[PDB]
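Form deposited in one PDB entry, single chain, as structure tokens, below.
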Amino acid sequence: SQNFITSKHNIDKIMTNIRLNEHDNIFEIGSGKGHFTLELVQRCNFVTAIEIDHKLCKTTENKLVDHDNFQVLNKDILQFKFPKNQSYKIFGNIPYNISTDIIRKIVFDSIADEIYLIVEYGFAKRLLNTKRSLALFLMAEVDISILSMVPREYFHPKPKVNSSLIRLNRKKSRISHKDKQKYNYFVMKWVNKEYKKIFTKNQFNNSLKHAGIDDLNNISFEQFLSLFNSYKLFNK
């Protein structure tokens, strides 16, 4: 529920892979007791911490007592409205129960160009899984990277599984706003293998050969992009 990583020794190691500089404005998701928040303010330009728990916001403010370049807002990340004309990045050690909602919220309803998250090892593995609809919807907006492993012992209470530190970098969308609908439809039908609803036996054939897809259990996002494009061509 509310896991905390409080060992300075361990926080420094995790910060080692987090390349954020003095000039970046940061929005942290779930500052908790403020352990990461304190390293962020000393590292970055400004830190807007968003914590839904009113008590924790206090603890966080207390921890940053000696700093002035932050702000702790007691709100729900899911409801929060990120800036629209600003360069900012995001960091967060987030709750597993809402990982999906949080990651969609910050990728699709945020314009942060760089996003650093600590999530469960398996959850992370599926974000890079081109057989899953979530991965496909995200890869059109960001590049995903697993930077390292965060041992469960680093957490408390000690969770059953290990977690991973992932990075998400925004890029020029691979899908035009015009194809919003189509892509969404195509994505769903493809992850469900309802091929018939999106391709004729031949279109499907040619599309795979054209895409270079030899094995349906191992397609790159690039190859999938190709499928969606052949799909568009075959239908107006």
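Rigid core here is just the name for the largest C-alpha set that superposes within 1.5 Å across the two forms. Position 1 is the first residue in the sequence shown; the rest follow in order.
This next part talks about the form deposited in another entry, which is not shown.
Core superposition between the shown form and the other one leaves every listed residue (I146, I111, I98, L78) with a C-alpha shift below 2 angstroms except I98. Superposition on the rigid core between the shown form and the other one places the CA atom of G122 less than 2 Å from its counterpart.
Core-superposed comparison between the shown form and the other one: the CA of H156 exceeds or equals a 2 Å shift. In that other deposited form, the Cα positions of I98 and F91 lie at least 3 Å nearer to each other than in the form displayed. In that other deposited form, the CA atoms of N97 and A49 sit closer together than in the displayed form, by at least 3 angstroms.
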